[PDB]
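Remarks on the overall topology
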Amino acid sequence: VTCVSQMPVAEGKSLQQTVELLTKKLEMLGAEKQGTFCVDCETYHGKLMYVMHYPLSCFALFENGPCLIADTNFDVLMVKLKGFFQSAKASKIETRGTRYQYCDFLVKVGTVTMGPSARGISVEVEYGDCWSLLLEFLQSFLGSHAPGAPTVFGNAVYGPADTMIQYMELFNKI
Amino acid sequence: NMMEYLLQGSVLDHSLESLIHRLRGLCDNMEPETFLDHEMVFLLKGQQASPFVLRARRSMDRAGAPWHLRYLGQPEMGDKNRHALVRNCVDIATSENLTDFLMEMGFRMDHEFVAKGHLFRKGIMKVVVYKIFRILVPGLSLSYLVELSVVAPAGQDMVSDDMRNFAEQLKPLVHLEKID
Amino acid sequence: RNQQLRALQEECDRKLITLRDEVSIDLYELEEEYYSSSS
Amino acid sequence: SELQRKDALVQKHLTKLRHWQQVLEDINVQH
Amino acid sequence: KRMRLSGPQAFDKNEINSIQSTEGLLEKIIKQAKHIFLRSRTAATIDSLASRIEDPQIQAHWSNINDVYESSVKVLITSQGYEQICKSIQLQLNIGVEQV
Amino acid sequence: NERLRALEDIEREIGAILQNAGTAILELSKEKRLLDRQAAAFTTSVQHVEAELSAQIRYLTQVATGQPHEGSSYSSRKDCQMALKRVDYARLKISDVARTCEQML
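Basis of the calculations
Residues numbered from 1 in each chain as written, not as in the entry; some residues may be left out. Chains lettered and ligands numbered in written order. Part of a larger assembly, values for the part shown. Heavy atoms only, no water. Residues with missing side-chain atoms left out of burial classes, pairs and counts. Helix = DSSP H or I, 4+ residues; strand = E, 2+ residues; numbered from the N terminus. Rg over C-alpha atoms; globule rule 2.2 N^0.38 Å. Contact = heavy atoms within 4.5 Å. Pairing = 2+ DSSP bridges. Axes fitted to C-alpha atoms, helices over the stretch in contact; angles between N-to-C directions. Salt bridge = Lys/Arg side-chain N within 4 Å of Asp/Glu carboxyl O. Nonpolar A, V, L, I, M, F, W, Y, C, P; charged D, E, K, R; others polar. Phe/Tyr/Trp six-rings, centres within 6.5 Å; stacked < 30°, edge-to-face > 60°. Polar contact = N/O pair within 3.5 Å; in protein donor to acceptor, adjacent residues only side chain to side chain.

Structure determination for this entry, per the PDB record, employed cryo-EM and reached 4.83 Å resolution.

Some points on the overall build of chain E
Along its length, chain E carries three helices and three strands. In sequence order, the secondary structure elements of chain E are arranged as α-α-α-β-β-β. Computed over C-alpha atoms, the radius of gyration of chain E comes to 20 Å, more than 25% over the 13 Å expected from 2.2 N^0.38 for 100 residues, which places it beyond the range of a compact globule. Projected onto the principal axes, the alpha-carbon positions of chain E cover approximately 65 × 30 × 20 Å. Here the analysis covers contacts within chain E between residues at least 6 apart in sequence; of these, 30% occur between residues at least 24 apart.

Examining the sheet that holds strand β6 (residues 107-109) of chain A
Residues and elements named next belong to chain A. Ordered by their spatial adjacency, four strands build an open sheet running β1-β5-β6-β7, and the pairing between neighbours is antiparallel. Two strands close off the open sheet at either side, each with one partner strand: β1 (33-39) and β7 (121-123). Strand-to-strand twist in this sheet, taken as the mean axis angle between neighbours without regard to direction, amounts to 25 degrees.

Focus on unusual backbone geometry
Even without being a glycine, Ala149 of chain A presents a positive backbone phi close to 45 degrees. Phi is positive for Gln74 of chain B, which is not a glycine, with a value near 55 degrees. Its place among the elements puts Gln74 of chain B in the loop between β7 (68-71) and β8 (84-92).

Considering the pattern of salt bridges
Here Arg57 of chain B makes a salt bridge to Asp37 of chain B, at a shortest N to O gap of 3.7 Å. One end of the pair, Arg57 of chain B, is in the loop between β5 (42-43) and β6 (58-59); the other, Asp37 of chain B, is in strand β4 (residues 37-38), with 20 residues separating them in the sequence.

Focus: the interface of chain C and chain E
With nine residues of chain C at the interface, the matching set in chain E holds 15 residues. By residue class, the composition of the side of chain C that touches chain E is four nonpolar, two polar and three charged.

Description of the packing of aromatic side chains
Measuring from centroid to centroid gives 6.4 Å for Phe85 of chain A and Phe107 of chain B, while their planes differ by 55 degrees, and the two rings are tilted. Pair noted here: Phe85 of chain A is in the loop between α2 (71-80) and β5 (95-100) and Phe107 of chain B is in the loop between α2 (97-104) and β9 (108-109), and the two residues belong to different chains. Centroid distance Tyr102 of chain A to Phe137 of chain A: 5.7 Å. Interplanar angle 65 degrees. Geometry classified as edge-to-face. Each residue in the set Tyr102, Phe105 and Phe137 of chain A is aromatic and connected to the rest through ring pairs, giving one cluster.

Considerations on the environment of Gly35 of chain A
Residues and elements named next belong to chain A. Relative to the helices and strands, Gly35 is located in strand β1. Between the C-alpha atom of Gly35 and that of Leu22, which follows or precedes it by 13 residues, the distance is 17 Å. Once you skip the residues sitting within four places of it in the chain, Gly35 turns out to touch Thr98 and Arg99.

Considering the sheet that holds strand β1 (residues 61-62) of chain E
All names here are of chain E. The antiparallel open sheet is built from three strands, whose spatial order is β1-β2-β3. Strands at the two margins of the open sheet, each flanked by one partner only, are β1 and β3 (89-94). Here strand β2 (residues 71-76) runs beside β3; their pairing, made up of six bridges, is antiparallel. Looking across to β3, one finds that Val75 is bridged to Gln90.

Comments concerning the pairing of β8 of chain B
Residue and element names in this part refer to chain B. Bridging between strand β1 (residues 2-6) and β8 involves five bridges; their strand directions are antiparallel. From the neighbouring strand, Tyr5 faces β8, where its bridge partner is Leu85. Bridge count between β7 and β8: four bridges; the pairing is antiparallel. Residue pairing for β8: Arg70 is matched across the bridge by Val90.

Some remarks on the arrangement of the chains
Contacts between protein chains span eight pairs of chains, and they are most numerous for chains C and E. Nothing in chain B touches chain C; the tightest C-alpha to C-alpha distance between them is still 12 Å. The two units chain A and chain D never meet; even their closest C-alpha atoms stay 50 Å apart.

Comments concerning the side chain of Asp37 of chain B
Separated by 3.2 Å, the side chain of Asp37 of chain B and the backbone nitrogen of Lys116 of chain B make a polar contact. Beyond its immediate chain neighbours, meaning those up to four positions away, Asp37 of chain B contacts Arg57, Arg58, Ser59, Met60, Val114, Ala115 and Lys116 of chain B.

Examining the side chain of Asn94 of chain E
In this structure, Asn94 of chain E sits in strand β3. One polar contact links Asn94 of chain E to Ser71 of chain E, side chain to side chain, over a distance of 2.4 Å.

Regarding the pairing of β2 of chain E
Relative to β2 of chain E, β1 of chain E runs antiparallel, the two being bridged by two bridges. Residue pairing across strands places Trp62 of chain E opposite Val73 of chain E, the latter belonging to β2 of chain E.

In structure tokens:
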């Protein structure tokens, strides 16, 4: 279902220009503006915050997606433990970007936050496995990439909103 | 960002049916119902002798509904000529993922007793009643404690006076009291 | 009383559906009959 | 023969509707 | 119920909007229209008699369970005096705002 | 209907025979049977009636602030009548269809 994101393998020019070329290729494929989203990140010495689609925020050091409430429910907990668990170091980079839809799918590319950051892309699926066919789409998008590495052998099944943990892997690339 | 009020009380055992009959026709449209809960009170402390409000008492009814805990502690000053009031919050969580993360964060339990009861939808407020049940670890007060729960943002807090009007309704064997 | 009148409509509703059912049969029983006419 | 069969089917449907209305003429219990 | 149960699942903005909806005239604004739309299809039936007398006729078979708005109609050619020619039995479903 | 029956019984016993039996022995100035029964029913019956009245008065007293003690207050009994109307209109339509059939055959 929720396919994992991928690092921006394409790196031959300006990151902004690279994202622009990727979006131009996507438009050449043929899509429509489905809005713009973001992916936040806040580390606390290591609970890593997150936000995606979208009326719900998430934060987890190592858990199977314990988030089912809005940021307010979580931000209040953080503010309450201002000296107990508040270990907010230098603000972790957070990406953003528009999202388009070729056909019956969704695409989303990321952006840099401080400037020397990545601009990776993320895609998902609509089935419940089936990692083979979804790769073909990316074959039409770029060259060899997207190793995936999902939580295989679980279907704790279908990885519902657990892909944010995979998003943490993208945060590891720094 | 939000606060909650309470005018809790208690009543005798035999004197419930006559009571709840009146309580039904107070601010509820129709179709009175009930709920069986489950107490999952936790404990998160060890550095300042001041734990958090981890009383994750959630219903054990039909699945799908997610268990969670609410914030209720540190009664702040104010409430001039008013009843109990505390700046609080609420937090929903995934099914059993909350307990998972609590155990992974190094927390323990607090209670193992469940108190089912009845609910009744007031207007801007809500009222509940329950009774502790004596059960073992694998399974007590003999008194149905009732309460007037209402949560809202800062606003004007004038509705508390309206809450006092409900106190007028709970005349026979119900009153308000704090805890110390 | 509400519950009482609930039954009063409930079975009635079913009856209507039953009617529909019968009507449906009658419906079908005439549809093929409509085919026969070679006008 | 076709006209006879059509008339027979019509009469059958008429009798069915007659029976149906007659049995639930007093579907309402009371008032 | 739905608002609180939303949290456990990352519903799309579409579902968030679908939590609520419109009401009143709008509903009827479709419904009655839908009704008369079926009426148009009704004409088709008698139009059959107009379109083909000696030519291949058309059989009619409508649904036995019709939802609030949508419904469907089964219609086959049914060439006369034969049943081994059932090679065109088309199925259509009616639409309120749009066409069938 | 317990309270209704109790109120009906209290109303029937309010005008009991005690108020009318206080003028029976005074007329018996020629023979003095169980006439003493005309004495015990002088004030004990009235006292018991007053006690029962006070007890009935000290009921739940539902009406405290607004409009409590509801119980009809509610749903589609109206739409149940509308469903009966549907039944009637279906009857009318079936009768019309039968008349049309009879006219056609």
